[PDB]
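Considered here are two forms of the same protein chain, supplied as structure tokens in two stand-alone entries, structure 1 and structure 2.
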Structure 1
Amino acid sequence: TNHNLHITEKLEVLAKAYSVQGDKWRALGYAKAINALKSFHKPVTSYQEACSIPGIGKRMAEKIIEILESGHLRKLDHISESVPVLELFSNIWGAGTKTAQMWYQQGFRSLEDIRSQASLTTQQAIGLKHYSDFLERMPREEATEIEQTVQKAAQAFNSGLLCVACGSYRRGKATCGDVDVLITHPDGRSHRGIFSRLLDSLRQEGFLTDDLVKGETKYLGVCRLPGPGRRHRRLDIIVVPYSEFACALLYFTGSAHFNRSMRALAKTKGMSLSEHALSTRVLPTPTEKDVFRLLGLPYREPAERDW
């Protein structure tokens, strides 16, 4: 339980503003401190203990000691007027901060403005068409139906395939922003070929409505369950050889903050961690537990990675 909601509320505001403004790493820094605040065992009540928490130095320790002494944050009044429109535009999938600054400085202010005068990549037109659906999280039971759809379409090509939905679904959340389905085969062999066929099969059945990125082993697209009343949902499908299954599981389960900290830890031990492998030369990792072992870390259930 967050004992410091008194301030994290105020700070996610600034964090989000820097984010849509394209100050990636300022926002990163703030996000990292917020997470420390959420998890610190008690409410913080002094400047000595501010800087105590890793992730808070001078500039951050202040705003905590300002909100505590003042009940407010001065910089929140000095937040650019454009920020809400920047957030609107970068909530379009395929449009980032640089694209949203452009459309802003071209004079656009509304989504109708974008549908009218703005030039859009294919992905951004899909993103804008599904704007509202894509900001809506799905119950995890809908995610299950999406996983099962992919799993059954795949298992008809080969029954031995492992298919696992990752993300916050795997971390136990009651709602999910999107679905990532990870596929492998234990025989180390049969994962080859079926990616093309499976996407067709799913396209042929009307399950896939829109393609966003067609990679060789990784697909990003849009799906919708059968029948009426349903929303388009972001779906990724990833096919991996069996020896990469553990690192793939760990990466696509996340969370993203958890992935960043693990990569950092791996770096401080002469290693690097990707969705593919734990490396120096690839260190074999048959299960997620082994990745944890090598980094000198206690295993952590998916629900415990929900950083």
Structure 2
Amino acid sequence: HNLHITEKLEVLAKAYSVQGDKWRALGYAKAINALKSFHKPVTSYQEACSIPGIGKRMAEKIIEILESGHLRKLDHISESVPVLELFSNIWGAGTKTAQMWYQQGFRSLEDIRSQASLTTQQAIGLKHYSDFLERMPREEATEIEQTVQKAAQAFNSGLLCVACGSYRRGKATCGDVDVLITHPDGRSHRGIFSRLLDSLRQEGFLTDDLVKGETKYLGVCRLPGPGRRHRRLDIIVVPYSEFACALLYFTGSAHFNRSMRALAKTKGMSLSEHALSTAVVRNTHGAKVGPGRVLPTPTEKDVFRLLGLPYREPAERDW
């Protein structure tokens, strides 16, 4: 659509993200998306200024791209950015870890493997560096969800297991599998992890653990047989009282969740993976000094409704 611009802008956006300038990177991100929501190639500097999320600086840069044919700033990106991206693509390693590794002289994953002090999570991330960067076919994601469900419904047939994330949004490929487990009885979800995970371990399905919380588990799995890659797996067990808000959170997308939660804030409300709250007292820094009333949200439609929004099917949330 406007790929003549976005391509060059995405490079600068990633340059900012890996370097730790999150908000400026966030600004570039929102502009990139907007430039993807336009239908007519931007033709004037004031045409860009008309686009939401595009300002004078961004408008000017896009003007430079049209007449000049390229963005000059792209040529002053630090030489460190490719290395910082390489390092930050290790699961468990962020900008702060990547910059420190660079300051310490590390420039390759061979350096990291041989010299860097890695956390347990990071050592698992490095081991699966190539696999965690690969997406998977929807069909494989189905096999993985079913594998978790059968293991869960074996020790309690009432458990409800739902694959969320990009899968539920109907995407052709999934970066990783996101499973939401609950129980309609309101109490039978408690303490299932210990046995659910052990069942999944004894089979060989679960290969590594990254996070093991009371409510969330994040780890690595590999389906049986030949030609299989290691895949990232997220499991969240929640009380039935929050099933709707959790399903909405875990279905996403991430930018959809952030926009909704921002809307709730304007309307004096707060939306979380746990509940949609009202009468939310907030302070100067847009900060919640006091919580309010949990609003009844038995279904996803209730959240949309309580927020004054038309219901959006999961596939309509892929922002």
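Residue numbering: structure 1 sequence, from 1. If you superpose the two forms and keep the largest set of C-alpha atoms that fall within 1.5 Å, you have the rigid core.
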Original post:
If you line up the core, does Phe258 shift 2 angstroms or more at its C-alpha between the two structures?
Top reply: no
Original post:
Core aligned, does the CA of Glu49 move at least 2 Å between the two structures?
Top reply: yes
**OP:** Would you mind giving the Cα movement of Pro228 between the two structures in Å, after fitting on the rigid core?
**Re:** 2.6
**OP:** Could the core-superposed CA displacement of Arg74 between the two structures be given in angstrom, to one decimal?
**Re:** 1.4
Original post:
Can you give the C-alpha shift of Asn158 between the two structures in Å, rounded to one decimal, after superposing the rigid core?
Top reply: 0.9
